[PDB]
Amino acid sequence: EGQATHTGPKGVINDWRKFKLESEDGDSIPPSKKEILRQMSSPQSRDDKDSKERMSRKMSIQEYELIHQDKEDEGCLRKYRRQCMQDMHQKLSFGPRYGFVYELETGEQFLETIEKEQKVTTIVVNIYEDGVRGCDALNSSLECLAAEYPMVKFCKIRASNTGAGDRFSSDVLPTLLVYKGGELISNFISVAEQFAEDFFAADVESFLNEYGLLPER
């Protein structure tokens, strides 16, 4: 990644640029650069230390130049706007791999799953124990959710099987931990508290969506 190009002013500049890389009426095709000079005109790619700094002028004269000699086609603008959102969803949309809640039996297994997983995958782990109120309803919800969000890996484990006994008393159970990219993104102690006694998969979902833990909209 290095230098920013998606957010803030840098994002606007990069967005305007990519826009032309499609506006001109062909992109990587023969209607754009043939000198294979660039896939686009860019500024601040090689440090010009003539002034004693890693030269950083994001917008060049030729860039600002077009800005005035530009024909911002309203139609070409709306098209571009749709294309950006479509592209982003696509990259955030990874195949529907799973579809089932998997049972982890030992602490080693837990650590192994978050460790060896693709860094882009969200992992919802459910720590519970039978008989404890809320657990069964949560597990039922999860099975329905795992089947709807196949790109999210759902898992469950008895507090007893964690390898941290007393640390997980029925008072904090069920606990729902969420990981992604190797790190813990959320920790919901007594998750059942967030819902009404009788809760179902759509409630659990509304809840996870509100913390932004679920993909695809």
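We number the residues from 1 along the sequence you see.
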remark   = When mean C-alpha B-factors in the record are compared for 58 to 66 and 152 to 160, the larger belongs to 58 to 66
task = Give the stretch, out of 9 to 17 and 199 to 207, with the larger mean C-alpha temperature factor in the deposited entry.
result = 9 to 17
key: Out of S170, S41, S186, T175, residue topping the C-alpha B-factor column of the entry   = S41
ask   = Out of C76, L138, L92, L111, which one has a C-alpha B factor higher than all the others in the entry?
value = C76
Cα B factor band for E143 (lowest, middle or highest third within the chain) = lowest
key: CA B-factor ranking of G131, expressed as a third of its chain   = highest
